[PDB]
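# Chains, contacts and geometry: an overview
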Amino acid sequence: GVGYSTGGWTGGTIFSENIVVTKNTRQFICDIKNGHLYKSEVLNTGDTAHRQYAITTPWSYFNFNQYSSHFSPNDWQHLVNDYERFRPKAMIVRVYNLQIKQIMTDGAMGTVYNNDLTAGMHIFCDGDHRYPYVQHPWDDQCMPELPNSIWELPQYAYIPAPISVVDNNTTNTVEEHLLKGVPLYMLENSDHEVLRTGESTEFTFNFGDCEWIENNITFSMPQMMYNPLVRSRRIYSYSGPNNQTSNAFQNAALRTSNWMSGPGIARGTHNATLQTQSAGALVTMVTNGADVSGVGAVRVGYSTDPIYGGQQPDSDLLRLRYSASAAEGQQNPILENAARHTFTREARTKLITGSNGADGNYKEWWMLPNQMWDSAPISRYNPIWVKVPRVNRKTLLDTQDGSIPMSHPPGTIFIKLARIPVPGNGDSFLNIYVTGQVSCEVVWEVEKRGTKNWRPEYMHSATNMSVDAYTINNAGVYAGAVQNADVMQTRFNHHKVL
Amino acid sequence: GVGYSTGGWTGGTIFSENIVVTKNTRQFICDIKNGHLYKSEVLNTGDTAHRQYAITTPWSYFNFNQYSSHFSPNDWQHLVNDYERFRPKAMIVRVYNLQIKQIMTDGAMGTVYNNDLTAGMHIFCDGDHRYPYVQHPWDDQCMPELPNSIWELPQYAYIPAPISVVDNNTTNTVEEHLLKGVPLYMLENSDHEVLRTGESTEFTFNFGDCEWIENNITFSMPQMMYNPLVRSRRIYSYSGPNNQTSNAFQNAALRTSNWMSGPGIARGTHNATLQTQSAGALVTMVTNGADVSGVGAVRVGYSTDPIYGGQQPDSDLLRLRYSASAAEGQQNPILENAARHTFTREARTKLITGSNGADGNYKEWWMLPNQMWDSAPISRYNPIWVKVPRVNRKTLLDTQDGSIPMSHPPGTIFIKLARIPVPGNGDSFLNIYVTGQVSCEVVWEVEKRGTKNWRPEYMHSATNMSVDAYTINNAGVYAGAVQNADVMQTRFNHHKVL
Amino acid sequence: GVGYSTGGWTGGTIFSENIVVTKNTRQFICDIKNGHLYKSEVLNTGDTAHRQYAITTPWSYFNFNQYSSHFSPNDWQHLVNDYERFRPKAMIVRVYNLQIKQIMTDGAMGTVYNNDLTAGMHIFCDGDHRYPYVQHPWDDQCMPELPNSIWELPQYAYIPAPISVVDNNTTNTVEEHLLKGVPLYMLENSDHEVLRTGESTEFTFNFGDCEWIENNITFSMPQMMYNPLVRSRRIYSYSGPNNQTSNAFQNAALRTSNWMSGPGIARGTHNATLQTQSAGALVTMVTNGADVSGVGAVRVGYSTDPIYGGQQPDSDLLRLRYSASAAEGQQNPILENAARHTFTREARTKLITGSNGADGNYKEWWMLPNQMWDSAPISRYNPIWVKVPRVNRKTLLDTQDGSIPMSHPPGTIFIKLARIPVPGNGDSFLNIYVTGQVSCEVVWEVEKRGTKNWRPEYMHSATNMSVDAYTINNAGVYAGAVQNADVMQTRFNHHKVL
Amino acid sequence: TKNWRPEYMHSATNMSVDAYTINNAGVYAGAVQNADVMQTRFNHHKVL
């Protein structure tokens, strides 16, 4: 059976008037995660750390949730420059050209690796989301930006419950009853495939009428939609001098609209020790009884950042910054938000208070009727989608991320080698690993749109990008975006009218 | 031929109004049992031990006779909570993804293992029961409760005759003539399969109109079926004061029925050294002549426990206790019987004797006409079936086990590696072993039933189960039921009327 | 709608070669039982009494479980004298000619009764046995033996649980957990009819292949089936004089058979205070934990009498005696068993012990293979059927009663007046009652059989019955059977061969 | 669900001894304590 290609190499991008197709293939690798066995572990223990409860599985998985993985920097450039809106339509993934080898470290020039035909590889796709979802936005280890760069699949693990609630089952009846109910998930529970070297498999996903990524900017606020030469009939009242009421007409080019800017909380900051404890501007803890005595919740609750939304944050360092990341050893931070070209995004509401004109700022602009704003921008390095949680109560939902929210996001494709046991049982097994190829073709629905704007428009040039931007250096090491110019932007480019 | 999946991984459970389907797959392993040769051995020699005569075979075998192996604890919960009766309908077993490797221990980093394509594996299914049956209730080594846990197949061996009868063939004409007739069974005697790595095989079994497992309890004894407000016409005689006979009518809410409780022997105890000698409340030895001088039969006969049946045992430690077991190194005992919710199960009959009311207890309630009772309970950890022996005389037959009795129980699937001999004959052979996957899909006929009972009913909650119950701990070690709460129960749940 | 017969009066009996049909109609009456409400009560409190836990319902019910109710004494005579076997085949019941009147006691010549057209009567038939069954053998208040005698329907009530187990819920965790689970049944739970005066309803039941009532006797024991002139070849061993073994042939007319007599316990007696506490030869208590400290079980368990079965009871007053009963104020006891004409019924087994001939009696003849005997007799006053409890374990089952056992016995027909509330609510209601007619036609499958016996046979004559037997006396008061002659018998009449 | 562990279930083993009953006067008692009422959001584990 072996000895046959069982696939090829797919790459490139094709642009059409209404569609774009990205084809990427990567060589992947997979170790024997864990002991071949599920483990209950406590991670992030630093004495003053957060310390979450987790289940670690013998499975590893593919994650495609990152634009950079599908578009070459050049492609992404034409995408953002030429199209006004776009969204993912369909994805087809293939796993093939599998090779499973066992590692024998003799001692003498050991680690010689030999093929093991007849050694199987499990591969399962959750599809319906029956197991805890992990494709969290911004996660590291996604399909590598550069083709020809190995993809080391990340091991699968999830958080069954907030560590704190069960912190003391012995010695607390509540934190104990809760602990009694903690769930447990294992994949062997469902049907899935097992492939020998001569085999392959394919998976296809269809984004529904998912949200569209709008790539446009205004220079005009919703409350600026009027004719400066025509006077409004409004006639407002105000406390005149001394004690009386007088009324007046704002002359033309001054008017009051029905629209307010986007909601959000512009204040707050980040924990200094965040790298070990919740760092979110928000923290949002829950304990149904429980204990959780004497800690900064910053060691109990879970962070959610950013928060400003349609408001201009009162201080920097609130800003959503990111790096291609994440391995220790030097990478450069960059912010998509750094360019600010649209005038529905960085709002600063104030109440009027006194008749002189003295204002009062709103560092917390809660939701109210008639608020209009544009979504946060994204860039080649942003994350494509976010699973919406299975809750029966949802609010307006704009992602601060810029990521496409969806109840049924691409399923997770898991894999793990067979647990080839061995005789002379001490509980051990054969040490093997897998390598193969993964191809992910994505069909993107694109839409081009024209304006009657006479003047030119901002365009990602690469004349304004770093000299490092997107390159290889004498060791075969690749450099992605090095500065905010490079990332490209959404809400950078096209002037709309409103 | 090799290099093809020749199977996949099947798992999960599906519930329907009248059916439930359990699908489990496990990775298995198999050594070269014995010398590759049959041996006549004497086991359990402890000087004061029982010491049985046995034939050990080069074969190993699969055993599926345990509920825990088919239902996940959660599944079993819904099964017992929601359905009133159920029974196995059909089983389909598959053996595939075979890999046969030979072990060379060089010395230098030895035990390197190499595949041996073209190395066959024998697999035979008795089906008709032509070879001594061994799927004895409660046996250890059955399909592992947790998927993803290796199944080490147990070697096959049986007891040709009670050791004692032949104990002295030389020096006793009877124990000798008997010995002359002892039989001998070997599997090479029948046709069976031989599979190379690229192959697989399947077996299907059909439980006939086998008995049903009833999951219900009463709170009402068969002799309590009457109206407390209506008087019975019976008019009994009794020895009145001094010397005369007078007669009377028990007023209403008092009555005498035709029904008696279930038979059984409530007395007796367990041998203290049982772990080496019959420990059964009963012992039941047979010797057609023979010798068998000067031993507690407890070293001759074979035990049969429990014995109380439809009676309440007069002392604890009669109770049928069990553990998932059985390897030495700490597991916890648990009893299914521990919950006692039905009022047909723990009976205590007494005869009246004297007219004052003085009773006489029956520690031995033998079989009599009109006895009504419910079968013993079972739990996820109980054994599914028991082969009924081929005898032409059978009694009423309720298993104290709770196991389903059947003349034609699932056949035994045996396997052993080919005896690859080697040149330079010193009688040796190539050291190889097998590993593969086994899938066992069972179709369970289920029946739901409703009551007119107004009040709520007992339900296995997991609010009442240990905090350990069913979990994994920092080493990838699994914990099943830790206390009697956890096992679930039969005769725990549903109120019937009678 | 009212003013129409909505029925007639059906009576008489018709005999055919293979069928007999009994038609009876009775005028019935029904009060408003309880407060119109269900009550949890403790009955039979006498300080030293049994004291059962019970639920009393606002419903009343019809019971037809008594031969005397269907056959006129004369009819029953021809039935037993002429037919050898018989059994109930089908029953059709009708409720009609309903009249509902309200009772106003003015004071002045009060209790004037006025019709209430538009006042409904609930009538429900359990049919499937969803509510606790109460047609217990020998119950008083069944369809009256004499037509033209009013039937006062007995109120419905049942025993949810043995009082003792819950005796102390406060102060005993076990007797408390049990109490938590006690069930509760109410009829409003199911659909049923509501009839105004102008209406009627009908119900039909079909006895399946229920057991047959055999009316025959032998004068020959199963171990007497041989030729006194032919010698048996058997040749038995016995301890001869001094110390040796000799063997011999029983000459002809002496033989040993394979048959033994019927099982049963011939000893024991009846409690002297039975009229308040279990009086059964047996008592059979069950307590799953519980308390039940310091009482003769005779105040805890439930009696089951008689017990001798196929054995001759060692003392009188064991004998199943009865009266048409049961209201206090003088009725005469009678026993069906008093005539003893068959020689399979009153057995007295003895073991031989010593070679001289010295026997040992078996006052407890438990069940054993090869036991042959005839069922207990019955009479016009015996009870027709007994519901077999819903248990999954049953023994041989001959009723000491003589009653036909059946899993699906005639359903119970319940009735209660509508709860006509009244304004000015103090929680009261209109006082009304119902009277109507009930007709019960039963089809009896009969079978006549002839013998080659030359001599005449015993026949219920009425030449051998009391002068009172079956009569009316100057007050319009009826007398049924006054002595054992009168009751007629089963196992009295026909000689069979075996 | 694919949850392996058991799940909370309204048992009536955890409900009052009064729960849902009739007492010597024909008076009915419904739920007497929070156990008895049953619950929604008590029972089934979902994934999100």
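What counts, and at which threshold
- Entry numbering is not used for residues: they are numbered from 1 along each chain in the order the sequence is written, which may differ from it, and residues without coordinates are omitted.
- To read the labels, note that chains go from A and ligands from 1, taken in the order they are written.
- Part of a larger assembly is what these chains represent; accordingly, every value refers to the shown part.
- Hydrogen atoms and water are omitted, and side-chain values are computed over all heavy atoms in the structure.
- UniProt positions are given in the numbering used here, feature names are shortened, and annotations may be inferred rather than shown by experiment.
- Only DSSP runs of H or I with at least four residues qualify as helices, and only runs of E with at least two residues qualify as strands; both kinds are numbered from the N terminus onward.
- The buried label applies to any residue whose accessible area, calculated with a 1.4 Å probe on protein chains only, is under 20% of its type's maximum; exposed applies above 50%, and partly exposed to all values in between.
- Each accessible area value is a Shrake-Rupley result obtained with a 1.4 Å probe; residue values ignore everything except the protein chains displayed when judging cover.
- Every residue pair with non-hydrogen atoms within 4.5 Å of one another is taken to be in contact.
- By the counting scheme adopted, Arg and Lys are positive, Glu and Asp are negative, and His together with the chain ends is not counted.
- We put the charge of a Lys on NZ, of an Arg on CZ, of an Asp on CG and of a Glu on CD.
- We count a salt bridge whenever a side-chain nitrogen from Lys or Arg sits within 4 Å of a carboxyl oxygen from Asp or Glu.
- Alignment of the copies rests on a least-squares superposition of C-alpha atoms.
- Defined in terms of a 1.4 Å probe, buried area is the accessible area two parts forfeit on being brought together, summed over both.
- Any N or O atom pair separated by 3.5 Å or less is treated as a polar contact, with the protein-specific requirement of one donor-capable and one acceptor-capable atom, and with residues adjacent in sequence counted only for side-chain atom pairs.
- The residue classification treats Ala, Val, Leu, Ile, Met, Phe, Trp, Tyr, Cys and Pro as nonpolar and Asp, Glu, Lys and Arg as charged. All others, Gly included, are polar.
- By nonpolar core is meant a set of buried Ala, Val, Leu, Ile, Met, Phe, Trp, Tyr and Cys residues that side-chain atoms within 4.5 Å join together.
- Patch membership is restricted to residues that have no salt bridge and whose relative accessible area is over 30%. Joining uses 9 Å for like charges and 5 Å for the nonpolar side chains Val, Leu, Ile, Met, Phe, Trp and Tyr.
- Between 30 and 60 degrees the pair is tilted, below 30 it is stacked and above 60 it is edge-to-face, where a pair is any two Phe, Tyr or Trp rings, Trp via its six-membered ring, whose centres lie within 6.5 Å.
- Charge-over-ring contacts are defined here by two conditions on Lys NZ or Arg CZ: a distance within 6 Å of the ring centre and an angle within 35 degrees of the ring normal.
- A pair of strands counts as paired when DSSP detects no fewer than two bridges linking them.

The deposited coordinates for this entry were obtained by X-ray crystallography, with a reported resolution of 3.2000 Å.

The PDB entry lists chain D under the name VP2, with Bovine parvovirus-1 given as the organism. The title assigned to this entry in its PDB record is "Structural annotation of pathogenic bovine Parvovirus-1".

For chain A, the PDB entry supplies the name VP2 and the organism Bovine parvovirus-1. Reading the Catalytic activity entry of the UniProt record for chain A gives the comment "a 1,2-diacyl-sn-glycero-3-phosphocholine + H2O = a 1-acyl-sn-glycero-3-phosphocholine + a fatty acid + H(+)". Heading Sequence similarities of the UniProt record for chain A holds this comment: "Belongs to the parvoviridae capsid protein family."

## A closer look at the overall build of chain D
Helices and strands together make up the secondary structure of chain D, namely zero helices and two strands. Taken across its 48 residues, chain D has 40% of its residues classed as buried. When the accessible surface of chain D is totalled, it reaches about 2,600 Å², and 54% of it is carbon and sulfur.

## Some remarks on the overall build of chain A
Scanning chain A for helices and strands turns up two helices and 26 strands. Each principal axis of the C-alpha distribution contributes one length, and for chain A these read about 100 × 65 × 40 Å. In chain A, of all internal contacts separated by at least 6 residues, the share reaching a separation of at least 24 is 74%. When the accessible surface of chain A is summed, it comes to about 24,000 Å², and 53% of that surface belongs to carbon and sulfur atoms. Taken together, the 39 basic and 45 acidic charged side chains of chain A have centroids lying 9 Å from each other.

## Concerning the pattern of salt bridges
Across all of its chains, the model carries 72 salt bridges over all chains by this definition. Taking the shortest distance from any N to any O, the salt bridge between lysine 350 of chain A and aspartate 359 of chain A comes out at 3.9 Å. In this structure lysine 350 of chain A comes out as partly exposed when scored by relative accessible area, which is 40%. Using a relative accessible area of 42% as the deciding quantity, one classes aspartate 359 of chain A as partly exposed. For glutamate 202 of chain B, the salt bridge goes to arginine 94 of chain B, with nearest N and O atoms at 3.8 Å.

## Brief notes about the relation of the copies chain B and chain C
Between the two copies, chain B and chain C, the superposition gives an RMSD of 0.0 Å; the rotation angle is 120° and the shift along the axis is 0.0 Å. Accordingly, the operation relating the two chain copies is best matched by a three-fold axis. Nearest to the rotation axis, the C-alpha of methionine 367 of chain B is located 3.2 Å from it, this being the minimum over chain B. With a heterologous cut-off of 20% or less, the 11% of interface residues of chain B that recur at the interface of chain C puts this contact in the heterologous class.

## Overview of unusual backbone geometry
Among all residues save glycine, negative phi is the norm, and among peptide bonds the norm is trans. The omega torsion across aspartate 305 of chain C and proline 306 of chain C is 0°, close enough to zero to call that bond cis. Its place among the elements puts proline 306 of chain C in the loop between β17 (285-286) and β18 (350-351). With an omega of -20°, the peptide bond between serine 325 of chain C and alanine 326 of chain C qualifies as cis. Here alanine 326 of chain C lies in the loop between β17 and β18. Despite not being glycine, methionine 488 of chain A has its phi angle at roughly 80°, a positive value. With respect to the helices and strands, the residue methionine 488 of chain A is situated in the loop between β25 (477-479) and β26 (494-495).

## Thoughts on the interface of chain B and chain C
Across the boundary between the two partners, chain B contributes 83 residues, which contact 107 residues of chain C. In total, chain B and chain C occlude about 8,500 Å² of area from one another, counting both sides; carbon and sulfur atoms represent 61% of this. Contact with chain C buries surface across chain B, with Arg233, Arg234 and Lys452 of chain B losing the most and accounting together for 11% of the total. Counting every contact that joins chain B to chain C gives four salt bridges. Residue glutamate 211 of chain B pairs with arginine 393 of chain C through a salt bridge whose shortest N-O separation is 2.5 Å. Summed over the shared surface of chain B and chain C, the result is 43 residue pairs in polar contact. Where the side of chain B that touches chain C is concerned, the elements lending two or more residues are β14 (236-239), β15 (245-248), β17 (347-348), β18 (350-351), β20 (364-365) and β21 (372-373) of chain B.

## Description of the interface of chain D and chain B
By a frequent convention, interface size equals the accessible area lost on bringing the separate parts together. On the side of chain B, 28 residues touch chain D, which itself brings 20 residues to the contact. Together, the buried faces of chain D and chain B total about 1,800 Å²; carbon and sulfur atoms form 56% of this surface. Counting across the interface, chain D meets chain B through zero salt bridges. Among the residues forming the side of chain D that touches chain B, the class breakdown is ten nonpolar, seven polar and three charged.

## Thoughts on the nonpolar core
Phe28, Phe62, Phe64, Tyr67 and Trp76 of chain A are the most contacted members of the largest nonpolar core, which has 63 residues in total. Of all the secondary-structure elements, those providing two or more residues to this core are β2 (19-30), α1 (73-82), β5 (85-103), β7 (121-125), β11 (201-206), β21 (404-406), β22 (413-417) and β23 (432-447) of chain A. Discounting residues that sit within four places of it in the chain, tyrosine 67 of chain A has contacts with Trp76, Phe86, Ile213, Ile378, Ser379, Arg380, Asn382, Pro383, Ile384, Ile404 and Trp444 of chain A. Core analysis: the second largest hydrophobic core is formed by 59 residues, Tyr67, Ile334, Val434 and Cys440 of chain C among them.

## A word on the arrangement of the chains
The assembly contains five pairs of chains in contact; the pair sharing the most contacts is chains B and C. Chain A makes no contact with chain C; the smallest distance between any of their C-alpha atoms is 20 Å.

## Some details on the side chain of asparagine 172 of chain A
All names here are of chain A. With respect to the helices and strands, the residue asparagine 172 is situated in the loop between β9 (155-158) and α2 (173-181). Residue class for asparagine 172 comes out buried when judged on its relative accessible area of 12%. When neighbours within four sequence positions are excluded, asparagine 172 is seen to be in contact with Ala290 and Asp291.

## Let's talk about α1 of chain A
Of the positions making up α1 of chain A, those classed as buried are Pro73, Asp75, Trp76, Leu79, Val80 and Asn81 of chain A. Buried positions along α1 of chain A lie against β1 (12-15), β5, β23, β25 and β26 of chain A.

## Section: the side chain of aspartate 116 of chain C
Residues and elements named next belong to chain C. One can find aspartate 116 in the loop between β6 (113-115) and β7 (121-125). Of the side chains with opposite charge, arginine 196 comes closest to the buried, unpaired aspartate 116, at an N-O distance of 7.3 Å. One polar contact links the side chain of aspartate 116 to the main-chain amide nitrogen of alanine 119, over a distance of 3.3 Å. Apart from residues lying up to four places away in sequence, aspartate 116 is in contact with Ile100, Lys101, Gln102 and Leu430.

## A few points about a nonpolar patch on the surface
Together, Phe219, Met221, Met224, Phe343 and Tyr458 of chain A make up an exposed nonpolar region whose accessible area comes to about 460 Å². Here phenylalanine 343 of chain A is to be found in the loop between β16 (264-265) and β17 (350-351).

## Focus on the packing of aromatic side chains
Here the distance between the centres and the angle between the planes together describe a pair of aromatic rings. Counting across every chain of the model gives 84 aromatic pairs over all chains. For the ring pair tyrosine 61 of chain B and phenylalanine 414 of chain B, a centre distance of 6.3 Å and an interplane angle of 75° mean the geometry is edge-to-face. Residue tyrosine 61 of chain B is found in strand β4 (residues 53-62), and its partner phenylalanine 414 of chain B is found in strand β24 (residues 413-417); the two are separated by 353 residues along the sequence. Of the two residues, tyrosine 61 of chain B and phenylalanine 414 of chain B, both sit in the buried class. Taking 6.1 Å as the distance between ring centres and 10° as the angle between the ring planes, the aromatic pair formed by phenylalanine 124 of chain C and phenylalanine 414 of chain C counts as stacked. Remark: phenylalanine 414 of chain C occurs in strand β24 (residues 413-417) and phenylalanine 124 of chain C occurs in strand β7; sequence separation between them is 290 residues. This pair shows no difference in class: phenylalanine 124 of chain C is buried, exactly as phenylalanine 414 of chain C is. Cation over ring: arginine 319 of chain C sits above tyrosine 308 of chain C, and NZ or CZ is 5.2 Å from the ring centre.

## Notes on the pairing of β7 of chain C
Residues and elements named next belong to chain C. Counting buried residues along β7, four of its five residues qualify, which places the element largely inside the surrounding structure. Examined bridge by bridge, β7 and β24 share five bridges and lie antiparallel to one another. Note that in β24 the partner of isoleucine 123 across the bridge is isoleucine 415.

## Considering the environment of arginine 130 of chain C
With respect to the helices, strands and loops of the structure, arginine 130 of chain C is situated in the loop between β7 and β8 (151-152). Note: C-alpha distance between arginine 130 of chain C and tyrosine 185 of chain C (55 residues apart in sequence) is 9.2 Å. For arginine 130 of chain C, the residues in contact, after removing those within four places along its chain, are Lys452 and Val497 of chain B together with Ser190 of chain C.

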